[PDB]
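Just below is one structure, and these are the notes that go with it.
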Ligand SMILES: C[C@@H](Cc1ccc(O)c(O)c1)[C@@H](C)Cc1ccc(O)c(O)c1
Ligand SMILES: C[C@@H](Cc1ccc(O)c(O)c1)[C@@H](C)Cc1ccc(O)c(O)c1
């Protein structure tokens, strides 16, 4: 698993479940080509987005639909979505965990990049 | 102003100075149109991006060039930029402060929204 | 001032108003001695805690009463308080802004340290 | 495992390894009684701090020695430590994960409280 996303809810102290997101790769014409998507599990995680062979160097965007999440909970949110844009694999294949911590008017995101 | 951005550096315990950012507004055809741009001051703040009359209802994107910031300090960071996308003024005019706290592999962003 | 605290609320997108906090300083015998206290203003800020002459070198603790804040909004939060412990003025006088962003199950805190 | 602590490094994008911490419970005389401690693993996690029977309702403090961590890396840090003080089990036994994300002049902490 070269890429995993984990989403937590700072209001409820829980994984953020059923959060949709899309992953894009930056094309040669500077546009965003969709390539993977999913929604978070009961543990707030999304696995199996890509494979080692497919996940080549490039610029990637993860667009997390935080607005629909807060809407489902009846809370008015600030952001349309949370976006995480990064260059991958600049020194060869790494495992990437992108974590996002969500509040109605704030989000934080961190990357844990390991072997 | 109706829109201000404040950026702090969590590694050095300081404002994040001379950070470039571009603001965009979503057009009727769903494209991002340039709206304003600027760089943070010595206090890590960027003021004067817009006016109450120009800052109409809509979806706005602030793209903060965090990568250039870190690269200039010798650091290769994780993110290309920090992106803040929000609907503004949907229930009448508001004042918006977007705050961002930066680390090489993490950032946090919050908004303070006040009624004029 | 040499010491200011700013508190924001991540649930409401606002300053965190009327938040109580107590500042302590470590004594020679390793106990925490009361140093100053106050509550945040409508802008979520607490100023005037100390002076440059009183704010000598030492280890300081700011205990922010985040639980009472959330309870007054109807929320049962995770933390009892947010605690910020730091050595101050070790290399001569500095100005310290302690910032905290609050959510019911999370908080973040950063410092801005500037040379007078 | 009723209580787990996970520590991440926001400068390096990695688990924060070998970070020491102590856990205290608030005594009847308003003082902090030590009861558990450890250091984080290669995954930045500390498990096995307590058991279901021992981890009764009360006020708990986790004192994370972030200053020694940054010192080992040659980076001057702001905080003496990061402290997490919470009331446990107020509605019966829950599993608690305390996460802390560290930078030299900042830390964030979140709780994920599940079944
Ligand atoms: C639980 C942490 C995420 C995480 C969980 C399991 C993992 O294997 C992992 O690598 C990261 C999360 C809370 C860390 C974190 C703390 C604070 C933050 O602001 C943030 O963006 C992320
Ligand atoms: C709002 C920032 C502080 C601030 C200083 C001066 C201002 O006029 C202001 O509006 C905000 C910032 C420190 C808030 C913040 C954002 C994100 C965080 O993670 C955090 O801990 C704190």
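Derivation of every value follows stated rules applied to the coordinates shown; laboratory data play no part. Positions of Cβ are backbone-derived with ideal geometry, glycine not excepted, and every protein chain shown enters the neighbour counts.
Rg over Rh for chain A works out to 0.97, using Cα positions for both radii and the Kirkwood form for Rh.
For residue D:26 and residue C:89, FRET efficiency with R0 = 30 Å and r from the beta-carbon atoms, rounded to 0.05? Efficiency computed from Cβ-Cβ geometry: 0.45.
Per residue of D:6-17, how many C-beta atoms from partner chains lie within 10 Å of its own C-beta, taken as a mean? Average per residue, whole number: 5.
Calculated [222 nm] ellipticity per residue, helices only, for chain D: -1500 deg cm²/dmol; basis is -39500 (n - 2.57) per DSSP H run with n ≥ 4, divided by all residues, nearest 500. Arranged from fewest to most other beta-carbon atoms within 10 Å of their beta carbon, D:30, A:65, C:9 become D:30, A:65, C:9. Listed from fewest to most Cβ neighbours within 10 Å, the set C:56, A:23 follows the order C:56, A:23.
For the pair residue C:47 and residue B:14, label points projected 7 Å from Cα toward Cβ lie 2.5 nm apart.
Taken residue by residue and averaged, Cβ atoms of other chains lying within 10 Å of the Cβ of D:96-104 number 5. Each label was represented as a point 7 Å from its Cα along the Cα-to-Cβ direction; for residue A:56 and residue A:68 these points are 3.0 nm apart. Per residue, the average separation of C-alpha pairs within less than 8 Å and at least 6 apart gives chain C a relative contact order of 29 percent. With a simple spin-label model that places each label point 7 Å from the Cα along the Cα-to-Cβ direction, the separation between residue A:76 and residue C:68 comes to 2.9 nm. Peptide C:90-101 has a mean of 2 when you count, residue by residue, the C-beta atoms of other protein chains within 10 Å of its C-beta.
Largest first, the three principal axis extents of the alpha carbons in chain B are 42, 30, 19 Å in whole numbers. With the convex hull drawn around the C-alpha atoms of the protein assembly as shown, the volume per residue stands at 153 Å³.
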